[PDB]
Structure formats: structure tokens, C-alpha cells
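Student: Structure file protein_19.cif, mmCIF, C-alpha atoms and all ligand atoms, is pasted below:
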```
data_data
loop_
_atom_site.label_atom_id
_atom_site.label_comp_id
_atom_site.auth_asym_id
_atom_site.auth_seq_id
_atom_site.Cartn_x
_atom_site.Cartn_y
_atom_site.Cartn_z
CA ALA Q 1 -5.75 21.68 14.36
CA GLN Q 2 -3.78 21.35 11.11
CA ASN Q 3 -5.44 19.90 7.96
CA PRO Q 4 -8.90 19.61 9.50
CA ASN Q 5 -10.53 18.54 6.19
CA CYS Q 6 -8.02 15.60 5.98
CA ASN Q 7 -6.79 16.47 2.54
CA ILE Q 8 -3.91 14.57 0.96
CA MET Q 9 -0.81 16.79 1.26
CA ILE Q 10 2.07 16.90 -1.20
CA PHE Q 11 5.59 17.70 0.02
CA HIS Q 12 8.67 18.95 -1.80
CA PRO Q 13 11.60 18.49 0.62
CA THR Q 14 14.90 20.12 -0.23
CA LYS Q 15 18.05 17.99 -0.40
CA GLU Q 16 18.90 19.11 3.10
CA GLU Q 17 15.49 18.22 4.43
CA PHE Q 18 15.82 14.75 2.73
CA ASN Q 19 18.63 13.69 4.99
CA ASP Q 20 16.83 12.79 8.13
CA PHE Q 21 13.84 10.51 7.38
CA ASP Q 22 12.32 10.43 10.85
CA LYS Q 23 12.56 14.16 11.24
CA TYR Q 24 10.76 14.73 7.89
CA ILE Q 25 7.92 12.32 8.82
CA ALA Q 26 7.48 14.21 12.06
CA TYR Q 27 7.47 17.49 10.10
CA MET Q 28 4.77 16.27 7.76
CA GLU Q 29 2.67 15.25 10.74
CA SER Q 30 3.22 18.72 12.33
CA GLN Q 31 1.48 20.05 9.23
CA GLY Q 32 -1.43 17.60 9.62
CA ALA Q 33 -0.48 15.21 6.82
CA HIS Q 34 -1.49 12.11 8.71
CA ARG Q 35 -5.07 13.22 8.98
CA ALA Q 36 -5.57 12.24 5.33
CA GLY Q 37 -4.14 8.73 5.79
CA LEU Q 38 -1.79 9.24 2.82
CA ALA Q 39 0.81 11.85 1.69
CA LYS Q 40 2.89 12.27 -1.44
CA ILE Q 41 6.60 13.17 -1.21
CA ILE Q 42 8.34 14.46 -4.36
CA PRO Q 43 12.13 13.92 -3.89
CA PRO Q 44 14.51 16.89 -4.51
CA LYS Q 45 15.75 17.16 -8.03
CA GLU Q 46 19.28 16.22 -6.99
CA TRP Q 47 18.16 12.77 -5.73
CA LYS Q 48 17.98 9.46 -7.53
CA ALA Q 49 17.03 5.94 -6.39
CA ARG Q 50 19.55 4.26 -8.67
CA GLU Q 51 21.39 5.07 -11.88
CA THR Q 52 19.28 3.17 -14.37
CA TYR Q 53 16.59 0.48 -14.57
CA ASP Q 54 18.21 -0.98 -17.70
CA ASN Q 55 19.16 -4.11 -15.96
CA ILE Q 56 15.95 -5.48 -14.11
CA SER Q 57 14.50 -7.93 -16.55
CA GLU Q 58 16.16 -10.89 -14.90
CA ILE Q 59 14.39 -10.51 -11.55
CA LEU Q 60 12.07 -13.52 -11.04
CA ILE Q 61 8.46 -13.31 -10.17
CA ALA Q 62 8.17 -16.78 -8.60
CA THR Q 63 4.43 -16.64 -8.03
CA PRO Q 64 2.55 -14.21 -10.31
CA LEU Q 65 -1.02 -13.73 -9.10
CA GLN Q 66 -4.06 -13.56 -11.48
CA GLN Q 67 -6.60 -11.33 -9.80
CA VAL Q 68 -10.03 -12.76 -10.48
CA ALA Q 69 -13.05 -10.62 -9.50
CA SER Q 70 -16.58 -11.54 -8.31
CA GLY Q 71 -19.47 -9.19 -7.69
CA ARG Q 72 -20.62 -5.96 -9.35
CA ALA Q 73 -18.47 -3.27 -10.92
CA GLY Q 74 -18.40 -1.07 -7.86
CA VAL Q 75 -18.51 -3.73 -5.12
CA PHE Q 76 -16.44 -6.83 -5.70
CA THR Q 77 -13.91 -9.17 -4.24
CA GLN Q 78 -10.83 -10.58 -5.87
CA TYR Q 79 -9.03 -13.87 -5.36
CA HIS Q 80 -5.53 -14.58 -6.33
CA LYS Q 81 -4.92 -17.50 -8.65
CA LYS Q 82 -1.27 -18.60 -8.66
CA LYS Q 83 0.47 -18.73 -12.07
CA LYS Q 84 3.74 -20.19 -13.24
CA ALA Q 85 6.95 -18.25 -12.59
CA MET Q 86 8.14 -15.66 -14.99
CA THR Q 87 10.92 -13.08 -15.24
CA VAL Q 88 10.27 -9.34 -15.09
CA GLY Q 89 11.15 -9.24 -18.84
CA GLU Q 90 8.54 -11.85 -19.54
CA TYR Q 91 5.97 -10.07 -17.30
CA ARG Q 92 6.64 -6.72 -18.98
CA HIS Q 93 6.00 -8.27 -22.39
CA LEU Q 94 2.76 -9.77 -21.09
CA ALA Q 95 1.63 -6.43 -19.60
CA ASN Q 96 2.25 -4.77 -23.03
CA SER Q 97 0.34 -7.45 -24.96
CA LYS Q 98 -2.96 -6.70 -26.61
CA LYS Q 99 -4.83 -8.78 -23.96
CA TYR Q 100 -3.40 -6.79 -20.97
CA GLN Q 101 -2.24 -3.42 -22.19
CA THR Q 102 -3.69 -0.08 -21.06
CA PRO Q 103 -6.45 1.02 -23.48
CA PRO Q 104 -6.42 4.29 -25.31
CA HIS Q 105 -7.55 7.06 -23.02
CA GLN Q 106 -7.67 10.87 -22.78
CA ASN Q 107 -6.21 11.49 -19.33
CA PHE Q 108 -6.04 9.91 -15.81
CA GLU Q 109 -9.73 10.68 -15.18
CA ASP Q 110 -10.86 8.87 -18.28
CA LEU Q 111 -8.69 5.90 -17.36
CA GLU Q 112 -10.14 5.89 -13.83
CA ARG Q 113 -13.62 5.78 -15.32
CA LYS Q 114 -12.65 2.86 -17.50
CA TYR Q 115 -11.10 1.03 -14.52
CA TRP Q 116 -14.24 1.18 -12.43
CA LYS Q 117 -16.50 0.36 -15.36
CA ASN Q 118 -14.56 -2.59 -16.60
CA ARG Q 119 -12.19 -3.99 -13.99
CA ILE Q 120 -14.36 -6.97 -13.07
CA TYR Q 121 -14.42 -8.26 -16.62
CA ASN Q 122 -10.72 -8.92 -16.75
CA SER Q 123 -8.19 -10.82 -14.66
CA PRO Q 124 -4.83 -8.95 -14.68
CA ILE Q 125 -1.66 -10.62 -13.35
CA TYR Q 126 0.18 -8.89 -10.42
CA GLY Q 127 3.83 -9.65 -9.32
CA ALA Q 128 3.29 -8.68 -5.74
CA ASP Q 129 5.06 -9.07 -2.58
CA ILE Q 130 8.59 -10.04 -3.89
CA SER Q 131 11.28 -9.65 -1.17
CA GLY Q 132 14.00 -7.36 -2.48
CA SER Q 133 15.09 -3.80 -3.29
CA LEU Q 134 15.95 -1.67 -6.32
CA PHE Q 135 17.61 1.15 -4.34
CA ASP Q 136 21.35 1.47 -5.05
CA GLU Q 137 23.36 0.76 -1.93
CA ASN Q 138 24.98 4.12 -2.38
CA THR Q 139 21.65 6.00 -2.15
CA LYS Q 140 21.78 7.33 1.35
CA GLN Q 141 18.52 9.33 1.55
CA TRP Q 142 15.10 7.59 1.66
CA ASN Q 143 16.58 4.23 0.79
CA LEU Q 144 13.74 1.84 1.76
CA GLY Q 145 16.22 -0.96 2.47
CA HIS Q 146 18.12 1.21 5.07
CA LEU Q 147 15.34 2.43 7.28
CA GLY Q 148 15.32 2.06 11.10
CA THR Q 149 13.52 -1.22 11.90
CA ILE Q 150 10.14 -1.55 13.61
CA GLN Q 151 11.81 -3.88 16.16
CA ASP Q 152 14.31 -1.20 17.01
CA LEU Q 153 11.51 1.42 17.32
CA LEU Q 154 9.59 -0.87 19.71
CA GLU Q 155 12.77 -1.41 21.68
CA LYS Q 156 13.61 2.26 21.86
CA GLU Q 157 10.08 3.29 22.93
CA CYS Q 158 9.13 0.41 25.20
CA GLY Q 159 12.45 -1.17 26.28
CA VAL Q 160 11.61 -4.61 25.07
CA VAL Q 161 13.88 -6.53 22.78
CA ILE Q 162 12.22 -8.78 20.23
CA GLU Q 163 13.02 -11.11 17.32
CA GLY Q 164 12.07 -10.25 13.74
CA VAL Q 165 13.19 -8.45 10.74
CA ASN Q 166 11.74 -5.72 8.44
CA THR Q 167 12.67 -5.84 4.68
CA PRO Q 168 11.22 -4.24 1.54
CA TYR Q 169 9.03 -5.74 -1.11
CA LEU Q 170 8.81 -5.22 -4.87
CA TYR Q 171 5.54 -5.03 -6.82
CA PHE Q 172 5.37 -5.43 -10.56
CA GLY Q 173 1.96 -4.21 -11.91
CA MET Q 174 0.01 -4.00 -15.12
CA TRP Q 175 -3.19 -2.31 -16.19
CA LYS Q 176 -6.03 -3.02 -13.76
CA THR Q 177 -3.89 -4.74 -11.13
CA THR Q 178 -5.57 -3.87 -7.90
CA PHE Q 179 -4.82 -3.44 -4.22
CA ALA Q 180 -7.86 -4.05 -2.07
CA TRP Q 181 -9.04 -1.86 0.83
CA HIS Q 182 -6.73 -2.37 3.83
CA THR Q 183 -4.69 -0.89 6.60
CA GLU Q 184 -1.17 -2.16 7.22
CA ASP Q 185 -0.33 -5.07 9.51
CA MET Q 186 -0.65 -3.88 13.08
CA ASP Q 187 -1.83 -0.49 11.60
CA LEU Q 188 1.81 0.38 10.78
CA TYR Q 189 2.90 3.09 8.40
CA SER Q 190 3.89 2.17 4.87
CA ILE Q 191 6.13 3.92 2.39
CA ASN Q 192 5.94 3.17 -1.32
CA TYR Q 193 8.31 4.34 -4.06
CA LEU Q 194 7.24 4.04 -7.70
CA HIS Q 195 10.54 3.13 -9.38
CA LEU Q 196 9.41 3.10 -12.99
CA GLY Q 197 6.63 2.81 -15.43
CA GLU Q 198 3.02 3.82 -15.42
CA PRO Q 199 1.14 5.47 -12.57
CA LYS Q 200 -0.67 4.09 -9.54
CA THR Q 201 -3.98 5.62 -8.40
CA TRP Q 202 -4.71 5.59 -4.67
CA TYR Q 203 -7.88 5.99 -2.62
CA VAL Q 204 -7.69 6.64 1.12
CA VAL Q 205 -9.99 7.09 4.13
CA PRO Q 206 -8.84 9.43 6.94
CA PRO Q 207 -7.79 7.42 10.02
CA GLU Q 208 -10.34 9.26 12.13
CA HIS Q 209 -13.08 7.84 9.86
CA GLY Q 210 -11.81 4.33 9.31
CA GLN Q 211 -14.64 2.73 11.28
CA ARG Q 212 -17.14 4.27 8.77
CA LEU Q 213 -15.48 2.30 6.04
CA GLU Q 214 -15.52 -0.86 8.18
CA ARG Q 215 -19.25 -0.48 8.82
CA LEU Q 216 -19.98 -0.08 5.13
CA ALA Q 217 -17.81 -3.05 4.31
CA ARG Q 218 -19.79 -5.21 6.77
CA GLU Q 219 -23.00 -4.15 5.02
CA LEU Q 220 -21.62 -4.78 1.53
CA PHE Q 221 -19.88 -8.06 2.23
CA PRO Q 222 -22.25 -9.61 4.78
CA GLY Q 223 -21.08 -13.30 4.54
CA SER Q 224 -17.46 -12.22 4.86
CA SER Q 225 -18.31 -10.13 7.90
CA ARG Q 226 -19.97 -13.12 9.62
CA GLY Q 227 -16.88 -15.19 8.87
CA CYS Q 228 -14.42 -12.76 10.46
CA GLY Q 229 -14.67 -9.66 12.68
CA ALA Q 230 -11.68 -8.10 10.74
CA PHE Q 231 -12.15 -9.43 7.24
CA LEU Q 232 -10.61 -6.38 5.60
CA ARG Q 233 -7.33 -7.93 6.88
CA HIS Q 234 -7.89 -10.51 4.12
CA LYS Q 235 -7.16 -7.83 1.56
CA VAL Q 236 -9.81 -8.93 -1.00
CA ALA Q 237 -12.58 -6.32 -0.98
CA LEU Q 238 -13.06 -3.42 -3.38
CA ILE Q 239 -15.55 -0.59 -3.15
CA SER Q 240 -15.57 2.15 -5.82
CA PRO Q 241 -15.47 5.89 -5.26
CA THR Q 242 -19.01 6.17 -6.56
CA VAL Q 243 -20.25 3.69 -3.94
CA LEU Q 244 -18.25 5.41 -1.20
CA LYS Q 245 -19.82 8.79 -2.16
CA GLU Q 246 -23.34 7.26 -2.23
CA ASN Q 247 -22.79 6.03 1.31
CA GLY Q 248 -21.26 9.21 2.67
CA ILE Q 249 -17.81 7.72 3.38
CA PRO Q 250 -15.10 10.39 3.58
CA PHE Q 251 -12.20 9.65 1.22
CA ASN Q 252 -9.64 11.19 -1.07
CA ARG Q 253 -7.80 10.15 -4.21
CA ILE Q 254 -4.46 10.87 -5.81
CA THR Q 255 -2.29 9.47 -8.60
CA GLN Q 256 1.37 8.58 -7.93
CA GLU Q 257 3.84 8.82 -10.79
CA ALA Q 258 7.26 7.31 -11.29
CA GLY Q 259 9.83 8.94 -9.07
CA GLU Q 260 7.41 9.76 -6.28
CA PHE Q 261 6.92 8.41 -2.75
CA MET Q 262 3.69 7.80 -0.97
CA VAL Q 263 3.40 7.37 2.82
CA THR Q 264 0.40 5.72 4.39
CA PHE Q 265 -0.26 6.56 8.01
CA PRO Q 266 -1.47 4.31 10.86
CA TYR Q 267 -5.01 3.13 10.36
CA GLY Q 268 -5.32 4.90 6.95
CA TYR Q 269 -7.39 2.55 4.81
CA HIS Q 270 -6.24 2.55 1.21
CA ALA Q 271 -6.95 0.83 -2.12
CA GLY Q 272 -6.01 1.45 -5.73
CA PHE Q 273 -4.89 0.29 -9.12
CA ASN Q 274 -2.05 0.43 -11.61
CA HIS Q 275 -2.31 2.19 -14.97
CA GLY Q 276 0.02 -0.06 -16.88
CA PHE Q 277 3.37 -1.85 -16.47
CA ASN Q 278 5.19 -0.55 -13.40
CA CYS Q 279 7.43 -1.42 -10.52
CA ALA Q 280 7.04 -0.19 -6.92
CA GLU Q 281 8.96 -0.88 -3.71
CA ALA Q 282 7.30 -0.66 -0.30
CA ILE Q 283 8.04 -1.37 3.34
CA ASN Q 284 6.32 -0.93 6.69
CA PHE Q 285 7.81 1.37 9.34
CA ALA Q 286 6.95 2.77 12.76
CA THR Q 287 7.38 5.98 14.72
CA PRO Q 288 6.60 6.73 18.37
CA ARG Q 289 3.12 7.84 17.38
CA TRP Q 290 2.36 4.41 15.94
CA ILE Q 291 2.61 2.56 19.27
CA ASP Q 292 -0.91 3.49 20.36
CA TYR Q 293 -2.31 2.37 17.01
CA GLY Q 294 -0.43 -0.91 17.24
CA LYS Q 295 -1.95 -1.58 20.70
CA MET Q 296 -5.49 -1.06 19.33
CA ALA Q 297 -5.17 -2.70 15.89
CA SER Q 298 -7.77 -5.25 14.92
CA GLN Q 299 -6.86 -8.61 14.21
CA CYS Q 300 -8.00 -11.48 11.98
CA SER Q 301 -7.97 -14.79 13.90
CA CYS Q 302 -10.07 -16.80 11.32
CA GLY Q 303 -7.05 -18.09 9.55
CA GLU Q 304 -7.33 -16.21 6.33
CA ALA Q 305 -4.98 -13.23 6.84
CA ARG Q 306 -1.78 -15.29 7.46
CA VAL Q 307 1.20 -12.90 7.83
CA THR Q 308 4.92 -12.60 8.41
CA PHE Q 309 7.10 -13.96 11.08
CA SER Q 310 7.70 -10.56 12.62
CA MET Q 311 4.08 -9.84 13.48
CA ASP Q 312 4.18 -12.45 16.24
CA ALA Q 313 6.22 -10.29 18.55
CA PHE Q 314 4.14 -7.21 17.85
CA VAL Q 315 0.97 -9.02 18.92
CA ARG Q 316 2.70 -10.72 21.85
CA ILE Q 317 4.03 -7.51 23.34
CA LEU Q 318 1.38 -4.96 22.37
CA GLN Q 319 -1.71 -7.16 22.52
CA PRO Q 320 -1.07 -9.98 25.03
CA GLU Q 321 -4.79 -10.57 25.69
CA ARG Q 322 -5.36 -11.26 21.96
CA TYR Q 323 -2.15 -13.26 21.45
CA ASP Q 324 -3.41 -16.80 22.07
CA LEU Q 325 -6.43 -16.42 19.73
CA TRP Q 326 -4.47 -14.68 16.99
CA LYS Q 327 -1.68 -17.32 17.12
CA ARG Q 328 -4.29 -20.12 16.73
CA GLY Q 329 -5.30 -18.32 13.48
CA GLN Q 330 -1.68 -18.41 12.38
CA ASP Q 331 -1.51 -22.22 13.17
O1 LIG Q 401 1.38 -0.97 -4.42
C1 LIG Q 401 0.56 -1.86 -4.02
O2 LIG Q 401 0.04 -2.84 -4.70
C2 LIG Q 401 0.06 -1.90 -2.62
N1 LIG Q 401 0.87 -1.02 -1.74
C3 LIG Q 401 0.45 -0.70 -0.52
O3 LIG Q 401 -0.68 -1.08 -0.03
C4 LIG Q 401 1.35 0.13 0.33
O4 LIG Q 401 2.41 0.58 -0.14
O5 LIG Q 401 0.98 0.26 1.51
MG MG Q 402 17.91 -8.40 -13.79
NI NI Q 403 -0.76 -0.85 1.99
ZN ZN Q 404 -10.18 -13.37 9.06
#
```
Just give me the structure as C-alpha cells.
Tutor:
Amino acid sequence: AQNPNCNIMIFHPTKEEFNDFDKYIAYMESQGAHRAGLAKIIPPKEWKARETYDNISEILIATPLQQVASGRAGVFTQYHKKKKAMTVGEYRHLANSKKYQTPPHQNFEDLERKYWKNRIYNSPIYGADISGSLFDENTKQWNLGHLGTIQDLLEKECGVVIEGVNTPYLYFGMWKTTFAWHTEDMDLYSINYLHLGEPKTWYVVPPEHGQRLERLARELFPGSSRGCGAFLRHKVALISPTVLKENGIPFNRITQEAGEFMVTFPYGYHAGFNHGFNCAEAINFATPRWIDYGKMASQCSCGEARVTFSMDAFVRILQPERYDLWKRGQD
């Protein structure tokens, strides 16, 4: 069995190997990459996402989100307070202001320490979930706006033709902006490219151990757990590495830098934070190996998780027994 300790693997494809996305994902899995829940892919030196970022300040962040924490430093939730619209140029200036900027630090480890010590005492503003792409249309390799769609994968594997679309999303971050512990919708893959700026630190639980994280989360967030049998779908709960280690939860960590891709694998729980002003692009995707995970994915029906249009068909086809309850939670 490849990668039996479920370590995060780092890949360096050549330009030739970068041509066929599906084939490379399957290669990484042949080497056991999925067992970690997360892999890093460093593009060949010949590749570029676009020519320059010199012209992005006019993108609008219609609904910036202030991430307000509650709890203790290592076990907290965050809620998103909506803020007035601002441009990326305005958001970058805010990120760099004395109130929001990255503090002086020695190295990524020192900054990680400071994040977990101090996160709860601040409320950083995240420009998350913005439909759009920064890949040049002429970038042919690993262009996250030109991937095969999840609807086409389901149709190819299962024969069923469904409505829905699959487009990328932009994320503009600042120091301490946080992504809570989650798996993807319908336990899909994700791919994330860090276009520019400061790093992103990731934490991940191997898919084979995801239920250990769920059981800890029920213990740590007991009111939330009574409210919903899949409350991690709400994407609000944080648990620090120190708390994970105290409770014996297997996990790994890695820091993504500008120019690098990360892939999350089906049912790989992940969480993390941004080091400073940055911009990432991410999209969900599927492969044949996903179908079994999609059929078994938990679902929130309490009303909180509220998701895209395209998830309806995935539930309807892969999970018909659950469909009526889940759709009530959507409505
Ligand atoms: O970058 C972020 O804030 C969150 N991204 C993801 O959870 C992902 O790419 O799957
Ligand atoms: Mg612009
Ligand atoms: Ni994710
Ligand atoms: Zn719920």
C-alpha cells in the first residue's frame, strides 16, 4: 500500500506531464497521495498562470466577510459578518494597514504560533467565494476555468445527464483569515492555486480517519452537534493542532506559497489560515474514484449549510433516499 503513514506528498511534474490533468491526478493517487487528504503540486518552471497581476485592483469584493470568533484560542467558532463592498485595491490597502497587517515574525513556525495564540482576539476580513478566474485564457495546462465538469464526469461514469454548472471562485485573504474544518460539498475534490501574495497554511486529516475528527468535533461543540448531525458542513468550527494532538487525531500540515497548487481529496478534512494579503482560485472537481464518496457523503439538512444550484442533482442521483430531507433544508 503506497503512503501508508498518509503523509502530504509534493509533486514536481514536468511540462510534458502537465498536459493531461486527469492523468496526473491518477498518477498522484498511484503513489498514495490521496491517503493524506491533501497534496502540493509545484508547476514546471516553463508554466505561468497569466502574464502579470498588475491589473487586478478593480475586481469587486461585493460582500467582504468579517470573521468574528467565539470560544477559546484552540477551540472556537467563527461567524461571518457582512461588510460593505470594496475593490481588491481597497481590500489590499486594508490588509496592509496597521490594524490588519501581518506582525513581525521570524519564520512560518513563529507566525503559526502567533496565529493560534491570538486569532480569536481579532476579526480579519475575508473576500471569499467570488465567482471568477485569474487564469489567462491562453493558459492551456491546469487552467482551473477549463477543467472537465463534475456533471460531465457523472454522465460519463453513470450515464445520467444532469443540469448544473461548475465554475471557479476567487479568495482574497489577509492575515488571520481562516477556513474552518470541512470536506468539500458531496466530498468532492478541490484544487486551489495561490495566484499571488503571502502564504496559506493548511491542516488536513487523512480520509481514512475523518470520522475521528467528526467525533472530536461533536465532543468539542456539543450544542452544534445536537443541532445538526453534519454540522461541520456549516464551515464554522476551528480546532488547533495542539488540541488535535492532545486528542490523538491524525493530521498533517503544510504551507502553500504563491505559484503552487494544492489538491484536496474526497473526504479529506482541511482547515487553515492566510499569512497576509493574498489571492487564491479554487474549484471542485471529480474523478471516477469520487463517485463512491459522493454516494456516502453526509449531509446537513438543518438549513444552515445552504449551497449551490448544482448540488441538487448530485444528491438527487447519488443519494435519492436523502433527497427529500436535504431539499427541505435547502427550502
Ligand atoms: O482558500 C480557502 O479559504 C479555502 N479553500 C479551500 O477550502 C479549498 O480550496 O478547498
Ligand atoms: Mg482590475
Ligand atoms: Ni475546501
Ligand atoms: Zn446543519
Student: Quick one: everything within 6 Å of residue 173 in chain Q, counting all atoms listed in the file, minus sequence neighbours fewer than 5 positions away in the same chain. Send it as a list in words.
Tutor: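 My list of contacting residues is residues 126, 277 and 278 of chain Q.
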Student: May I ask which of the residues Q:134, Q:301, Q:189, Q:175 is the closest one to residue 98 in chain Q, counting all atoms listed in the file?
Tutor: Q:175
Student: Within 9 Å of residue 62 in chain Q, counting all atoms listed in the file, which residues show up once you throw out same-chain ones fewer than 5 positions away? Write them as a PDB file with C-alpha atoms, in the frame of the given file, please.
Tutor:
```pdb
ATOM      1  CA  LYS Q  83       0.470 -18.730 -12.070  1.00  0.00           C
ATOM      2  CA  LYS Q  84       3.740 -20.190 -13.240  1.00  0.00           C
ATOM      3  CA  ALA Q  85       6.950 -18.250 -12.590  1.00  0.00           C
ATOM      4  CA  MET Q  86       8.140 -15.660 -14.990  1.00  0.00           C
ATOM      5  CA  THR Q  87      10.920 -13.080 -15.240  1.00  0.00           C
ATOM      6  CA  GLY Q 127       3.830  -9.650  -9.320  1.00  0.00           C
ATOM      7  CA  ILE Q 130       8.590 -10.040  -3.890  1.00  0.00           C
TER       8      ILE Q 130
END
```
Student: With distances taken over all atoms listed in the file, which of Q:200, Q:72, Q:212, Q:234 is nearest to ligand ZN 404 (chain Q)?
Tutor: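 That would be Q:234, the residue with the smallest distance to ligand ZN 404 (chain Q).
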Student: My list of candidates is Q:273, Q:314, Q:202, Q:169. Which is closest to residue 132 in chain Q when distances are computed with all atoms listed in the file?
Tutor: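 Looking at the shortest contact to residue 132 in chain Q, the residue is Q:169.
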Student: For the interface of chain Q with ligand ZN 404 (chain Q) (cut-off 7 Å, counting only C-alpha atoms and all ligand atoms), please tabulate each contacting residue of chain Q alongside its nearest pair of atoms and their separation in Å to one decimal, rows sorted by chain and increasing number, as a tab-separated table.
Tutor:
```
residue	atom	partner	partner_atom	distance
Q:227	CA	Q:ZN404	ZN	6.9
Q:228	CA	Q:ZN404	ZN	4.5
Q:229	CA	Q:ZN404	ZN	6.9
Q:230	CA	Q:ZN404	ZN	5.7
Q:231	CA	Q:ZN404	ZN	4.8
Q:233	CA	Q:ZN404	ZN	6.5
Q:234	CA	Q:ZN404	ZN	6.2
Q:300	CA	Q:ZN404	ZN	4.1
Q:301	CA	Q:ZN404	ZN	5.5
Q:302	CA	Q:ZN404	ZN	4.1
Q:303	CA	Q:ZN404	ZN	5.7
Q:304	CA	Q:ZN404	ZN	4.9
Q:305	CA	Q:ZN404	ZN	5.7
```
Student: Just the number, please: distance in Å from atom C1 of ligand LIG 401 (chain Q) to CA of residue 168 in chain Q, one decimal.
Tutor: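 If I compute the distance from atom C1 of ligand LIG 401 (chain Q) to CA of residue 168 in chain Q, I get 12.3 Å.
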Student: Excluding residue 179 in chain Q and any residue of its chain fewer than 6 positions from it, enumerate the residues within 8 Å of it, using only C-alpha atoms, and give them as a ChimeraX atom specification.
Tutor: /Q:235,271-273
Student: May I have the residues within 8 Å of ligand MG 402 (chain Q), computed using all atoms listed in the file, as a list in words?
Tutor: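 Residues satisfying the distance criterion: residues 55, 56, 57, 58, 59 and 88 of chain Q.
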Student: Can you build me a table of chain Q residues sitting at most 10 Å from ligand LIG 401 (chain Q), with the closest atom pair per residue and its distance in Å to one decimal, using all atoms listed in the file, sorted by chain and residue number, as a Markdown table?
Tutor:
```
| residue | atom | partner | partner_atom | distance |
| --- | --- | --- | --- | --- |
| Q:38 | CA | Q:LIG401 | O5 | 9.5 |
| Q:126 | CA | Q:LIG401 | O2 | 8.3 |
| Q:127 | CA | Q:LIG401 | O2 | 9.1 |
| Q:128 | CA | Q:LIG401 | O2 | 6.8 |
| Q:129 | CA | Q:LIG401 | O2 | 8.3 |
| Q:169 | CA | Q:LIG401 | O4 | 9.2 |
| Q:170 | CA | Q:LIG401 | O1 | 8.6 |
| Q:171 | CA | Q:LIG401 | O2 | 6.3 |
| Q:172 | CA | Q:LIG401 | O2 | 8.3 |
| Q:173 | CA | Q:LIG401 | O2 | 7.6 |
| Q:177 | CA | Q:LIG401 | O2 | 7.8 |
| Q:178 | CA | Q:LIG401 | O2 | 6.5 |
| Q:179 | CA | Q:LIG401 | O2 | 4.9 |
| Q:180 | CA | Q:LIG401 | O3 | 8.0 |
| Q:181 | CA | Q:LIG401 | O3 | 8.4 |
| Q:182 | CA | Q:LIG401 | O3 | 7.3 |
| Q:183 | CA | Q:LIG401 | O5 | 7.7 |
| Q:184 | CA | Q:LIG401 | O5 | 6.6 |
| Q:185 | CA | Q:LIG401 | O5 | 9.7 |
| Q:188 | CA | Q:LIG401 | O5 | 9.3 |
| Q:189 | CA | Q:LIG401 | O5 | 7.7 |
| Q:190 | CA | Q:LIG401 | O5 | 4.8 |
| Q:191 | CA | Q:LIG401 | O4 | 5.6 |
| Q:192 | CA | Q:LIG401 | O4 | 4.5 |
| Q:193 | CA | Q:LIG401 | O4 | 8.0 |
| Q:194 | CA | Q:LIG401 | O1 | 8.4 |
| Q:200 | CA | Q:LIG401 | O1 | 7.5 |
| Q:201 | CA | Q:LIG401 | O1 | 9.4 |
| Q:202 | CA | Q:LIG401 | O1 | 9.0 |
| Q:235 | CA | Q:LIG401 | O3 | 9.5 |
| Q:261 | CA | Q:LIG401 | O4 | 9.4 |
| Q:262 | CA | Q:LIG401 | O4 | 7.4 |
| Q:263 | CA | Q:LIG401 | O4 | 7.5 |
| Q:264 | CA | Q:LIG401 | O5 | 6.2 |
| Q:265 | CA | Q:LIG401 | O5 | 9.1 |
| Q:268 | CA | Q:LIG401 | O5 | 9.5 |
| Q:269 | CA | Q:LIG401 | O3 | 9.0 |
| Q:270 | CA | Q:LIG401 | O3 | 6.8 |
| Q:271 | CA | Q:LIG401 | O3 | 6.9 |
| Q:272 | CA | Q:LIG401 | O2 | 7.5 |
| Q:273 | CA | Q:LIG401 | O2 | 7.3 |
| Q:274 | CA | Q:LIG401 | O2 | 7.9 |
| Q:278 | CA | Q:LIG401 | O1 | 9.8 |
| Q:279 | CA | Q:LIG401 | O1 | 8.6 |
| Q:280 | CA | Q:LIG401 | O1 | 6.2 |
| Q:281 | CA | Q:LIG401 | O4 | 7.6 |
| Q:282 | CA | Q:LIG401 | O4 | 5.0 |
| Q:283 | CA | Q:LIG401 | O4 | 6.9 |
| Q:284 | CA | Q:LIG401 | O5 | 7.5 |
```
Student: I'd like to know which of Q:53, Q:142, Q:203, Q:309 is closest to ligand NI 403 (chain Q), using only C-alpha atoms and all ligand atoms.
Tutor: Q:203
Student: CA of residue 73 in chain Q and CA of residue 249 in chain Q, how far apart in Å?
Tutor: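 So the answer is 18.0 Å.
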Student: So, counting only C-alpha atoms and all ligand atoms, which residue among Q:20, Q:187, Q:157, Q:163 is closest to ligand NI 403 (chain Q)?
Tutor: Q:187
Student: Pull the neighbourhood of (9.4, -4.4, 11.0) for me: all residues within 6 Å in file coordinates, counting all atoms listed in the file, as a list in words.
Tutor: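 Those residues lying close to the given coordinates are residues 149, 150, 151, 165 and 166 of chain Q.
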Student: One decimal, in Å: what's the spacing between CA of residue 259 in chain Q and CA of residue 124 in chain Q?
Tutor: 23.8 Å
Student: Rank Q:331, Q:160, Q:37, Q:64 by their smallest atom-to-atom distance to ligand NI 403 (chain Q), using all atoms listed in the file, and report the top residue only.
Tutor: Q:37
Student: Excluding range 238-240 of chain Q and any residue of its chain fewer than 3 positions from it, enumerate the residues within 7 Å of it, using all atoms listed in the file, and give them as a ChimeraX atom specification.
Tutor: /Q:74-77,116,180-181,243-244
Student: Up to 10 Å from (12.2, 19.6, -8.8) in the file's coordinates: name the residues, counting all atoms listed in the file, as an NGL selection string.
Tutor: :Q and (12-14 or 42-47)
Student: Those same residues - C-alpha atoms - I'd like them written as a short mmCIF file (atom, residue, chain, number, x, y, z; two decimals), in the frame of the given file.
Tutor:
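And here's again_3.cif as it stands now:
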```
data_model
loop_
_atom_site.label_atom_id
_atom_site.label_comp_id
_atom_site.auth_asym_id
_atom_site.auth_seq_id
_atom_site.Cartn_x
_atom_site.Cartn_y
_atom_site.Cartn_z
CA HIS Q 12 8.67 18.95 -1.80
CA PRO Q 13 11.60 18.49 0.62
CA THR Q 14 14.90 20.12 -0.23
CA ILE Q 42 8.34 14.46 -4.36
CA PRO Q 43 12.13 13.92 -3.89
CA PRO Q 44 14.51 16.89 -4.51
CA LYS Q 45 15.75 17.16 -8.03
CA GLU Q 46 19.28 16.22 -6.99
CA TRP Q 47 18.16 12.77 -5.73
#
```
Student: Taking all atoms of range 311-322 of chain Q that the file lists and extending 5 Å past them on each side, where is the centre of the axis-aligned box and how long are its edges? Answer in Å to one decimal, as AutoDock Vina command-line options.
Tutor:
```
--center_x 0.4 --center_y -8.7 --center_z 19.6 --size_x 21.6 --size_y 17.5 --size_z 22.2
```
